[PDB]
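Colleague: Would you mind keeping the following structure in view while I ask a few things?
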Amino acid sequence: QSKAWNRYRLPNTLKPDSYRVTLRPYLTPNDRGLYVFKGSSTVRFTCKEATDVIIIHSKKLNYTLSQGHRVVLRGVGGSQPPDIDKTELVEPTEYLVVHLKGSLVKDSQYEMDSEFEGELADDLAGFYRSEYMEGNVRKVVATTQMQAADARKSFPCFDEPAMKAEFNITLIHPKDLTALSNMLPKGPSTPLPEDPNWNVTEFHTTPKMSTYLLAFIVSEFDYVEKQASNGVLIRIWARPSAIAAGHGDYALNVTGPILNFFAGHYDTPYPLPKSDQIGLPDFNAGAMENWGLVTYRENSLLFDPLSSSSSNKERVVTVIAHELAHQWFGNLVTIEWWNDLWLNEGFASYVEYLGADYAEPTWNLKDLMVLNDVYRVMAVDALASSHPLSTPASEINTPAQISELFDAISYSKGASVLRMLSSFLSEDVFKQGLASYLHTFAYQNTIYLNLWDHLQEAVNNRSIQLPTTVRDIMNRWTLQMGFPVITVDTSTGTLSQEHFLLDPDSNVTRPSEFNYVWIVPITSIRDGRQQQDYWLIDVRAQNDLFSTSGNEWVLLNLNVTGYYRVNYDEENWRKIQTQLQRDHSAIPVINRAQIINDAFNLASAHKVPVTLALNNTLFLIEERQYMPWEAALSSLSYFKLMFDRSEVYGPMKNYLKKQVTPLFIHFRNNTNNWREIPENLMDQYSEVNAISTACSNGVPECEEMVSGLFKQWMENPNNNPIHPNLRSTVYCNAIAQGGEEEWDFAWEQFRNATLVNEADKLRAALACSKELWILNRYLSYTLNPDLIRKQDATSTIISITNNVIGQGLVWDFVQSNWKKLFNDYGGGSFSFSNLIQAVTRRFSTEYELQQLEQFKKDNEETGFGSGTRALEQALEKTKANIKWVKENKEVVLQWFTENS
Amino acid sequence: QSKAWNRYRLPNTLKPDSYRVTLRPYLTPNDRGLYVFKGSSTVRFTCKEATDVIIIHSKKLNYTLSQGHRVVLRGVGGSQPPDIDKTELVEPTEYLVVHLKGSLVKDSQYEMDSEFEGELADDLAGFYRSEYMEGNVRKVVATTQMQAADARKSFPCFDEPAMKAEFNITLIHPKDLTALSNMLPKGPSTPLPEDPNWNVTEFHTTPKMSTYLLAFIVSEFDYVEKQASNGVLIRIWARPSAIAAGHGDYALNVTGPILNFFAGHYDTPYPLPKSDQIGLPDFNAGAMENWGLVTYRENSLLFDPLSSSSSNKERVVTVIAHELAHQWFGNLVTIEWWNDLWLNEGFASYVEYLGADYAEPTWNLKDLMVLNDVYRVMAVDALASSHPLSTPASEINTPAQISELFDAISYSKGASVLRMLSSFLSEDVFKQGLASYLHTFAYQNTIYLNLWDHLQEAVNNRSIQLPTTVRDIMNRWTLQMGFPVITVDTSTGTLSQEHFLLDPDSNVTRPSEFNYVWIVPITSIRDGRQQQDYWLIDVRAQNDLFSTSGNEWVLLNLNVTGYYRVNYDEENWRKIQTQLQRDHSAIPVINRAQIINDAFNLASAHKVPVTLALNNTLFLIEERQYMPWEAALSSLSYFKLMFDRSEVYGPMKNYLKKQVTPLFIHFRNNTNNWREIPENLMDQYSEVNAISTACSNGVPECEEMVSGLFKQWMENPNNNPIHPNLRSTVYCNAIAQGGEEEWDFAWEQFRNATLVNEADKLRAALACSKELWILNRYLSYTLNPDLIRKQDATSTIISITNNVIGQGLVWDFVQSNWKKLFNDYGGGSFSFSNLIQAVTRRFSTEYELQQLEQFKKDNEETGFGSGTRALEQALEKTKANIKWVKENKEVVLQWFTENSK
Ligand SMILES: *[C@@H]1O[C@H](CO)[C@@H](O[C@@H]2O[C@H](CO)[C@@H](O[C@@H]3O[C@H](CO)[C@@H](O)[C@H](O)[C@@H]3O)[C@H](O)[C@H]2NC(C)=O)[C@H](O)[C@H]1NC(C)=O
Ligand SMILES: *[C@@H]1O[C@H](CO)[C@@H](O[C@@H]2O[C@H](CO)[C@@H](O[C@@H]3O[C@H](CO)[C@@H](O)[C@H](O)[C@@H]3O)[C@H](O)[C@H]2NC(C)=O)[C@H](O)[C@H]1NC(C)=O
Ligand SMILES: *[C@@H]1O[C@H](CO)[C@@H](O[C@@H]2O[C@H](CO)[C@@H](O)[C@H](O)[C@H]2NC(C)=O)[C@H](O)[C@H]1NC(C)=O
Ligand SMILES: *[C@@H]1O[C@H](CO)[C@@H](O[C@@H]2O[C@H](CO)[C@@H](O)[C@H](O)[C@H]2NC(C)=O)[C@H](O)[C@H]1NC(C)=O
Ligand SMILES: *[C@@H]1O[C@H](CO)[C@@H](O[C@@H]2O[C@H](CO)[C@@H](O)[C@H](O)[C@H]2NC(C)=O)[C@H](O)[C@H]1NC(C)=O
Ligand SMILES: *[C@@H]1O[C@H](CO)[C@@H](O[C@@H]2O[C@H](CO)[C@@H](O)[C@H](O)[C@H]2NC(C)=O)[C@H](O)[C@H]1NC(C)=O
Ligand SMILES: *[C@@H]1O[C@H](CO)[C@@H](O[C@@H]2O[C@H](CO)[C@@H](O)[C@H](O)[C@H]2NC(C)=O)[C@H](O)[C@H]1NC(C)=O
Ligand SMILES: *[C@@H]1O[C@H](CO)[C@@H](O)[C@H](O)[C@H]1NC(C)=O
Ligand SMILES: *[C@@H]1O[C@H](CO)[C@@H](O)[C@H](O)[C@H]1NC(C)=O
Ligand SMILES: [Zn+2]
């Protein structure tokens with residue numbers, strides 16, 4: 001608006017060099033019960049272009065006028081300090097405009113001192129407080145989450161990733177509590193000269209960081225430390241009680257290997273002197289890559305071996321790797337602007353599994369990436385509402401736009417694209433370019449093009465053959481949204497590409513350059529033996545590689561490395577099916593899951609018949625791996641949700657029971673009569689799946705075993721015999737196969753629950769009851785805050801909705817008590833979006849659509865709030881559901897009956 | 001409108017004298033694939049008042065134009081027939097108005113020849129069709145059902161009960177099949193001149209009768225015959241296989257004696273040479289009393305001693321008695337209008353027990369009547385939405401209202417009134433008066449006043465002492481709806497009477513000439529010793545007969561003879577509970593059941609504490625008789641319907657489980673490990689009650705036994721180990737405690753079932769499944785006429801709505817397919833009301849009432865027809881339920897919890 005303070009982007013008039021921030025957090029409420037902190041900061045900025053105004057980001061800061069102005073300007077090195085005209089604080093653009101009576105000459109450093117007072121509120125932003133209940137005592141900790149902005153809230157600073165500067169952090173903390181920051185403590189905490197109750201801790205100057213990664217936490221958390229033989233001191237800080245137990249031991253045992261792996265992959269030594277990972281009890285954000293002081297949710301860093309499932313073990317190892325990867329890529333080489341967030345977060349997501357694999361080589365974690373990210377993001381990208389990975393930097397300005405960029409696409413899509421990048425570049429050449437990128441751009445900001453250039457330079461040195469320059473071959477997958485579905489005409493060995501859209505009748509309004517065409521790297525296998533390689537340059541191309549003979553099957557996207565679905569002629573599909581039946585080993589496990597997942601998704605776009613998809617699920621009877629089974633069960637979930645209350649459910653269960661029985665018996669023998677869990681994490685997951693589906697479909701042995709296990713627990717409570725991994729499954733099936741007695745025992749345990757994980761497991765299991773009265777009684781308990789915590793109420797109601805009988809109960813509940821639910825819980829505590837999505841997920845009939853539409857008009861006056869933008873979405877999904885059921889019910893029903 | 005055709009009442013200007021109907025039923029689909037019957041008819045009518053328009057009933061009949069008109073007017077006796085102006089067909093009133101260019105000469109007989117064609121569909125109305133399967137060949141049987149406004153569908157006629165006439169019936173039927181009509185065939189079947197393959201059979205002229213008593217059935221059914229002592233030839237006609245298997249043996253064993261008994265009791269001879277009882281595969285009503293050709297559902301007539309249960313045996317004898325009773329009260333003497341429908345249904349329902357008791361003297365079915373009718377109607381009669389036994393004629397005009405009157409009030413309330421009337425007038429005096437009524441108005445239509453006059457004659461003849469005239473005393477029980485509740489102050493022995501209302505806040509909009517007061521006849525017993533009787537003529541009275549001293553307890557309405565509820569003070573109730581726990585035998589078995597039923601209903605009306613009624617159910621643990629247990633289970637059903645989907649259900653089940661366990665074991669030992677059955681009929685019913693109640697509540701052995709028995713039947717499909725009487729409960733409980741396999745086995749057996757009784761049991765049991773998907777599939781099956789016969793469609797839906805899981809499914813189904821159910825399915829008006837009551841018997845929340853009100857607002861255009869009153873009553877009950885549950889949920893839960901332990 002012709003005024004720099006009106007503009008959302010900092011003027012490039014001055015750039016910071018060094019910072020000195022001394023903040024004293026008062027973790028005790030003052031007058032009006034306000035937790036406030038007092039801070040003093042100074043910035044030695046350098047005048048890049050002669051100007052008359054200084055603009056510094058500042059949010060929720062009272063400031064103190066040391067002289068006639070809130071700030072004091074002093075020129076350094078004999079620099080003349082221009083007199084300050086006036087001080088103004090702009091809110092729309094968190095800016096501290098300090099108009100000066102004169103112009104600051106260029107090539108001269110000026111320091112601006114600033115004493116300020118802020119509120120240590122529980123906003124989970126900037127400098128915030130977190131109160132946890134240690135025993136029966138409230139304990140408050142002062143932590144920091146300066147993602148995107150928020151850094152301004154803590155102290156006056158150039159809050160932009162481009163503005164890199166050294167930061168000297170000093171914390172005045174109570175003598176009892178300990179203070180932590182990005183760097184090591186410069187000196188041991190000394191009693192503050194005044195009020196000896198408080199100590200003063202100074203930390204060594206931080207390597208030129210870009211803000212947003214600064215962190216200063218003062219608390220009483222204890223810690224387990226280990227000096228790695230590479231020079232980095234690994235310290236895992238957490239609640240003293242948990243550190244006293246072995247909860248934090250696993251993280252310390254896994255951090256060292258992960259750091260070493262990344263050091264090699266990044267070909268760079270750990271930039272900071274030490275690595276502290278702290279487990280905050282709350283911390284709604286999953287994790288933060290604060291340089292040196294990584295903050296994690298207590299549940300994602302601590303692993304109790306007696307009450308955490310192997311799934312939690314995967315969670316901690318993987319999340320640790322993601323943030324530890326950020327320490328090299330994203331902290332040493334930060335993005336110039338938030339528009340390139342996809343490159344930073346995406347790379348971290350991709351190399352996350354790479355690191356975890358080094359730590360646990362017997363888990364094959366890298367394989368899970370596809371099901372966890374590639375297929376997850378593929379579903380969203382296959383909509384006409386998708387956005388291109390790259391966005392014009394000018395477009396992103398407001399803080400809200402920055403937060404918007406943090407989409408699942410930015411993470412998974414980026415990781416998938418970068419995985420394809422590494423595959424067609426050969427990990428070795430990719431790593432070479434990455435190493436050069438980091439070294440050449442160490443301690444400075446960059447654009448995604450810089451990485452493309454270094455990769456191309458490595459391409460030339462290694463002389464790898466790429467159809468076009470890395471930039472062009474990557475622009476196709478970064479400047480336009482969506483992914484190509486490659487159809488293979490084996491008869492004439494022809495290859496074709498198209499923008500895959502799950503809804504066939506979708507108007508792709510977004511005008512994408514390259515007219516939605518992609519340079520797809522194609523890797524193929526023939527009769528098991530991998531062929532050479534091919535790059536689809538145009539929409540349609542012919543190559544003998546894809547040509548097949550009388551009994552020849554070709555399968556593209558080996559290990560689904562490339563972000564593209566594949567469609568084949570019906571003949572090739574049948575050849576693949578015959579191979580899967582005689583020996584599934586020929587097809588790599590990853591591609592077996594690909595076959596099932598792609599078939600179902602292609603059937604949704606009406607590119608292949610639904611029967612073909614179910615045909616690709618027939619070989620599961622012999623499959624003993626996890627990925628293939630998981631893919632099929634995930635896809636068949638929609639079928640169950642649509643036919644759970646219909647006749648089709650009968651034949652469907654019979655078919656699934658026939659397929660699961662062998663897998664269940666296999667595990668029963670392997671686990672020695674359900675006594676010893678399998679070793680490989682993948683096998684552990686499949687064992688849980690086997691029992692769950694076997695009992696759900698009605699395998700007799702499964703229900704007998706789960707019932708017996710729960711009964712053994714009922715006989716001897718306090719010593720649960722069910723192993724943590726199999727607890728949720730046994731609990732739900734046992735309660736379902738049992739009556740009021742079992743539910744009563746479970747309810748008692750839930751009320752006496754001591755660990756949140758166990759409590760939530762019991763809560764969901766209690767909703768597995770098959771008695772209408774018990775479910776209604778549970779619904780009444782859900783609303784009561786005393787019985788069910790309001791934070792957990794929405795999830796409990798959703799869990800009852802999942803019960804086939806519960807669907808009707810919850811639907812009447814939401815339709816009749818929307819007013820109460822919305823009015824009493826208008827706050828974010830109740831996610832109405834998730835609630836309405838869950839209650840309307842099975843809607844597949846015109847009657848149900850009429851009810852939902854009536855609900856919309858009936859409660860129109862009381863805005864659905866978070867529900868809005870999801871209720872209209874549910875209406876659209878309901879309409880699509882009606883069409884799908886009326887177009888596939890007969891075919892699906894016949895298939896199950898004849899194939900069961 | 002003023003237009004006579006627009007009016008729903010036939011003009012009195014024309015009176016029918018005699019008719020000649022010649023229906024020809026085509027038992028093969030036409031080019032349009034629709035079975036169609038073609039017939040011609042001529043009505044001889046005397047012109048009571050000169051008229052220029054002739055109005056007759058015509059329904060779904062395409063009349064062939066003759067002489068440029070649908071009808072042809074011919075002069076009888078030389079009278080001139082005025083020229084026909086025009087013939088319009090008014091559909092709303094089903095009136096074929098034959099406008100004339102002149103006024104019919106007054107007091108002149110005329111004849112109207114009319115040819116017509118109609119659809120022989122499966123609507124179970126007029127001339128419909130019944131398709132049964134023999135071997136692998138479909139067999140079609142054309143039968144007639146004209147209970148109300150359906151004779152018009154078969155032929156143009158004055159379809160009103162008052163318009164009696166003699167009907168000459170000629171049936172052109174295939175030479176192979178046999179034509180059955182009200183009277184005997186007049187001579188041998190003669191070959192149709194056009195086609196020898198068809199036969200022309202005319203029957204003897206029928207005596208003066210109403211159009212709704214006609215029956216024309218052509219069938220290949222065989223029959224078993226046996227002349228009765230009165231000489232009337234009793235023949236049981238049914239499917240060839242059924243008669244060959246001796247399913248009709250029991251029917252022939254009871255029909256003859258029962259018919260003679262009725263004739264001897266009222267000294268009135270049956271005026272027809274034969275009385276054929278025929279069982280039709282497809283029939284809506286349980287049975288129709290068509291004079292000479294009484295029609296019955298196969299379930300109500302066929303009886304296989306090796307597969308039918310003791311209850312089935314009672315059903316057959318009772319139904320046959322009810323229909324034979326009608327042959328006197330309904331056919332020989334008919335009602336003037338449907339307003340006094342009770343005069344026929346009520347008497348036939350009450351005297352049915354007398355006939356059954358005669359045929360089966362070791363059953364004591366008259367004891368059951370107390371719970372079968374008196375208490376059954378008291379529930380609906382209590383609602384402020386009931387109707388006086390003799391509703392003003394003006395209210396009942398449209399055919400929908402006519403069919404609506406066929407409810408508990410016309411049947412049970414009438415029978416209960418007759419029970420009380422006979423009790424205070426003595427059987428001898430009562431039957432003497434009835435004989436005069438029958439002989440005086442034979443072949444004539446009568447009203448309630450006519451009955452009172454003949455009864456008064458017997459009263460004076462036998463010098464019976466009454467407070468006032470029979471008319472005044474019984475007008476209180478017939479001209480005002482509802483029944484009185486007597487408050488007994490044992491402290492001072494004072495009595496009072498007031499209209500019993502389930503909702504104390506319910507607004508009665510129906511005015512009463514007697515201002516809701518009754519000359520209640522009262523009979524009281526003291527410590528089991530009967531005392532002198534008293535008549536509560538005034539609203540309030542006092543007597544020492546009711547005043548108690550020390551620990552003396554007084555029970556009014558000994559053997560629930562009177563039609564009223566007894567409300568004792570807390571003192572008497574305490575003494576009664578003391579007696580029940582000390583020696584329940586002291587209190588009459590019937591009165592023990594009376595105590596449980598009265599206590600609960602009084603509590604539901606917010607007149608006594610709910611705890612009091614529940615307390616009265618603590619003697620059940622030691623009770624071994626059937627009647628007490630029966631009333632308790634029936635009364636606690638309301639609690640279940642109101643708390644089955646609530647937290648109270650758990651404690652309630654535990655309590656009942658505790659009470660039934662002893663009875664269950666007792667019967668186990670008595671039945672020798674469930675191998676034998678009790679000898680006494682009542683004991684057999686209680687044994688089945690024990691097993692069903694135990695399995696439903698959760699007694700472990702019960703669930704194990706029923707499952708094992710069904711498993712053994714699955715092993716040997718042909719040999720069913722379960723004893724016929726125990727099949728009902730075992731089948732249901734097994735299917736419920738079983739899964740898809742059990743449901744599949746039952747479905748296959750149901751489709752392959754032979755005896756209707758067994759098929760009915762399996763059909764109802766299939767609804768006991770606890771799988772939502774199975775119940776949804778079952779509901780779709782109900783609509784399919786091929787899988788479930790249209791006659792049993794609503795019954796199956798009601799069974800599904802009975803299942804707790806099915807309640808929601810059916811409610812949404814009813815809301816979604818009201819238009820289809822109301823239109824495609826006629827339901828014969830006997831249903832719909834039942835379906836509405838069944839789907840709305842669990843409503844206890846404002847949201848549920850809102851849904852019901854929305855249903856009415858969204859389906860007012862579609863119409864509720866017969867269900868109109870039922871839907872309106874539902875609204876009243878739902879509102880009362882909302883208040884009752886809110887005021888009693890906690891106390892009911894606490895009581896069960898404390899007693900369950
Ligand atoms: C944050 O801490 C760093 C040190 O870790 C501070 O940088 C230091 O700045 C002072 C001037 O303020 C430098 O002193 C100068 O030393 C040179 C000789 O090296 C001398 O010729 C000059 O006359 C002057 O005394 C000091 O060297 C420098 N230290 C380093 C290692 O660069 C920084 O100023 C602190 N932050 C802020 C905002 O003050
Ligand atoms: C906050 O500052 C206080 C004061 O410095 C710390 O308390 C401890 O103070 C004593 C000196 O008064 C020191 O430790 C003590 O010294 C003896 C030897 O004389 C030694 O055996 C013990 O360590 C003893 O406690 C030390 O300065 C200081 N800290 C320690 C390690 O004891 C207090 O610990 C400070 N709090 C934090 C969290 O840094
Ligand atoms: C900084 O100044 C703001 C604006 O004056 C203060 O905000 C006020 O304080 C109350 C709470 O005590 C807030 O609810 C209102 O937004 C403001 N009201 C008033 C009366 O001014 C803010 O409190 C100050 N900072 C701190 C840490 O206290
Ligand atoms: C974490 O490391 C500790 C050792 O610091 C483990 O304790 C033992 O050490 C070995 C090697 O790590 C483990 O394999 C053994 O299971 C432990 N005991 C023995 C006798 O060697 C500890 O198990 C590791 N994991 C956790 C979760 O604490
Ligand atoms: C029905 O049958 C009767 C008897 O055959 C037909 O004859 C009339 O009815 C009386 C009955 O006793 C006969 O005696 C008379 O000869 C007839 N009466 C008149 C007034 O004609 C009778 O016509 C037939 N019904 C019809 C056509 O109305
Ligand atoms: C109907 O009557 C028949 C014939 O009386 C009954 O069959 C039995 O016939 C044998 C013939 O020797 C007699 O010894 C029995 O006394 C008859 N039993 C009875 C109960 O009468 C038949 O049981 C009767 N009832 C049924 C159900 O058909
Ligand atoms: C119903 O419950 C009992 C009979 O089962 C009646 O008597 C009570 O019994 C309890 C338990 O022994 C005592 O604690 C109470 O004091 C008794 N009642 C009184 C009023 O003393 C009870 O009165 C009945 N409740 C009714 C009829 O409402
Ligand atoms: C709660 O659990 C603890 C630990 O198993 C047990 O000692 C205690 O008795 C339980 N309390 C109740 C009330 O069940
Ligand atoms: C049909 O008529 C013939 C005489 O033509 C007769 O023998 C036969 O029994 C009749 N059939 C029936 C069942 O009416
Ligand atoms: Zn991250």
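Convention: chains lettered A, B, ... in structure tokens order; per-chain residue numbering from 1; ligands numbered from 1 as shown.
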Any chance you could list, as a list in words, the residues in region 15-70 of chain A that come up strand (DSSP E) when DSSP is run on the backbone?
Modeller: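 Written out, the strand (DSSP E) residues of region 15-70 of chain A are residues 15, 16, 17, 18, 19, 20, 21, 22, 23, 24, 25, 36, 37, 38, 39, 40, 41, 42, 43, 44, 45, 46, 47, 51, 52, 53 and 54 of chain A.
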Colleague: Set the cut-off to 9 Å and count only C-alpha atoms: what are the residues of chain A that reach chain B? Output as a list in words.
Modeller: residues 643, 644, 645, 646, 647, 648, 649, 650, 740, 770, 771, 772, 773, 774, 775, 776, 777, 804, 805, 808, 809, 812, 816 and 847 of chain A
Colleague: Keeping only N, CA and C atoms, take the residues you just selected and write them out as an mmCIF file, in the first residue's frame.
Modeller:
```
data_model
loop_
_atom_site.group_PDB
_atom_site.id
_atom_site.type_symbol
_atom_site.label_atom_id
_atom_site.label_comp_id
_atom_site.auth_asym_id
_atom_site.auth_seq_id
_atom_site.Cartn_x
_atom_site.Cartn_y
_atom_site.Cartn_z
ATOM 1 N N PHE A 643 -21.230 -51.765 2.104
ATOM 2 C CA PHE A 643 -22.111 -52.965 2.116
ATOM 3 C C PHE A 643 -22.253 -53.558 3.523
ATOM 4 N N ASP A 644 -21.724 -52.890 4.552
ATOM 5 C CA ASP A 644 -21.750 -53.461 5.927
ATOM 6 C C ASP A 644 -23.191 -53.747 6.356
ATOM 7 N N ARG A 645 -24.129 -52.876 5.985
ATOM 8 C CA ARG A 645 -25.539 -53.035 6.424
ATOM 9 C C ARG A 645 -26.368 -53.614 5.275
ATOM 10 N N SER A 646 -25.728 -54.338 4.354
ATOM 11 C CA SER A 646 -26.450 -54.868 3.168
ATOM 12 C C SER A 646 -26.229 -56.378 3.043
ATOM 13 N N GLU A 647 -26.972 -57.027 2.145
ATOM 14 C CA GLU A 647 -26.836 -58.492 1.938
ATOM 15 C C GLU A 647 -25.420 -58.816 1.451
ATOM 16 N N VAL A 648 -24.790 -57.901 0.710
ATOM 17 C CA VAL A 648 -23.442 -58.172 0.126
ATOM 18 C C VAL A 648 -22.451 -58.477 1.254
ATOM 19 N N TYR A 649 -22.708 -57.971 2.462
ATOM 20 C CA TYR A 649 -21.763 -58.178 3.591
ATOM 21 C C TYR A 649 -21.631 -59.677 3.871
ATOM 22 N N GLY A 650 -22.726 -60.422 3.717
ATOM 23 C CA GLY A 650 -22.701 -61.867 4.010
ATOM 24 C C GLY A 650 -21.672 -62.601 3.172
ATOM 25 N N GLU A 740 -22.240 -58.224 28.904
ATOM 26 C CA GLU A 740 -22.101 -57.082 29.845
ATOM 27 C C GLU A 740 -20.919 -57.331 30.787
ATOM 28 N N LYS A 770 -21.776 -55.533 21.078
ATOM 29 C CA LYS A 770 -22.822 -55.878 20.079
ATOM 30 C C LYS A 770 -24.207 -55.699 20.706
ATOM 31 N N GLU A 771 -24.273 -55.084 21.889
ATOM 32 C CA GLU A 771 -25.570 -54.898 22.590
ATOM 33 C C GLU A 771 -26.037 -53.454 22.403
ATOM 34 N N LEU A 772 -27.256 -53.266 21.893
ATOM 35 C CA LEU A 772 -27.767 -51.896 21.628
ATOM 36 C C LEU A 772 -27.796 -51.119 22.946
ATOM 37 N N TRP A 773 -28.250 -51.755 24.028
ATOM 38 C CA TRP A 773 -28.380 -51.029 25.320
ATOM 39 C C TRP A 773 -26.999 -50.570 25.803
ATOM 40 N N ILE A 774 -25.985 -51.433 25.697
ATOM 41 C CA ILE A 774 -24.617 -51.079 26.178
ATOM 42 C C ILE A 774 -24.119 -49.874 25.374
ATOM 43 N N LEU A 775 -24.329 -49.888 24.056
ATOM 44 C CA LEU A 775 -23.837 -48.786 23.188
ATOM 45 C C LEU A 775 -24.552 -47.481 23.554
ATOM 46 N N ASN A 776 -25.869 -47.534 23.775
ATOM 47 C CA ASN A 776 -26.620 -46.319 24.189
ATOM 48 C C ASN A 776 -26.073 -45.838 25.534
ATOM 49 N N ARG A 777 -25.842 -46.767 26.464
ATOM 50 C CA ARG A 777 -25.280 -46.404 27.791
ATOM 51 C C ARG A 777 -23.923 -45.727 27.575
ATOM 52 N N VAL A 804 -21.393 -51.228 13.594
ATOM 53 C CA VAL A 804 -22.508 -51.255 12.601
ATOM 54 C C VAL A 804 -23.804 -50.835 13.302
ATOM 55 N N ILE A 805 -24.064 -51.381 14.491
ATOM 56 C CA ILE A 805 -25.289 -51.022 15.265
ATOM 57 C C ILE A 805 -25.184 -49.555 15.687
ATOM 58 N N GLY A 808 -26.585 -46.107 13.513
ATOM 59 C CA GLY A 808 -27.934 -45.536 13.694
ATOM 60 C C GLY A 808 -28.021 -44.724 14.972
ATOM 61 N N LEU A 809 -27.482 -45.256 16.069
ATOM 62 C CA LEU A 809 -27.544 -44.554 17.377
ATOM 63 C C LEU A 809 -26.885 -43.179 17.232
ATOM 64 N N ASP A 812 -28.870 -40.634 14.927
ATOM 65 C CA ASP A 812 -29.995 -39.983 15.650
ATOM 66 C C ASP A 812 -29.412 -39.016 16.683
ATOM 67 N N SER A 816 -30.286 -35.101 16.601
ATOM 68 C CA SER A 816 -31.146 -34.551 17.681
ATOM 69 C C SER A 816 -30.361 -33.622 18.610
ATOM 70 N N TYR A 847 -32.495 -42.021 0.776
ATOM 71 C CA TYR A 847 -33.123 -41.711 2.084
ATOM 72 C C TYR A 847 -32.081 -41.048 2.988
#
```
Colleague: Could you list, as a ChimeraX atom specification, all residues that come within 8 Å of ligand 9? Count only C-alpha atoms and all ligand atoms.
Modeller: /B:173-179,188-191,196,198-201,220
Colleague: Could you save the residues just selected, with C-alpha atoms, as a PDB file, in the first residue's frame?
Modeller:
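Dumped to again_30.pdb:
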```
ATOM      1  CA  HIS B 173     -66.006 -72.891 -13.793  1.00  0.00           C
ATOM      2  CA  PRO B 174     -63.517 -75.294 -15.496  1.00  0.00           C
ATOM      3  CA  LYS B 175     -65.088 -78.805 -15.631  1.00  0.00           C
ATOM      4  CA  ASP B 176     -62.085 -80.175 -13.639  1.00  0.00           C
ATOM      5  CA  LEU B 177     -62.272 -77.677 -10.713  1.00  0.00           C
ATOM      6  CA  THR B 178     -65.264 -77.653  -8.284  1.00  0.00           C
ATOM      7  CA  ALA B 179     -67.426 -74.541  -7.630  1.00  0.00           C
ATOM      8  CA  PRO B 188     -75.322 -81.448 -11.566  1.00  0.00           C
ATOM      9  CA  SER B 189     -72.724 -79.173 -13.257  1.00  0.00           C
ATOM     10  CA  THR B 190     -73.850 -78.683 -16.906  1.00  0.00           C
ATOM     11  CA  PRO B 191     -71.289 -78.294 -19.769  1.00  0.00           C
ATOM     12  CA  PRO B 196     -67.689 -78.249 -22.952  1.00  0.00           C
ATOM     13  CA  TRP B 198     -66.165 -75.229 -18.858  1.00  0.00           C
ATOM     14  CA  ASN B 199     -69.109 -76.138 -16.553  1.00  0.00           C
ATOM     15  CA  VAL B 200     -72.178 -73.977 -15.695  1.00  0.00           C
ATOM     16  CA  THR B 201     -73.169 -74.562 -12.026  1.00  0.00           C
ATOM     17  CA  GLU B 220     -59.722 -78.386  -7.018  1.00  0.00           C
TER      18      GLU B 220
END
```
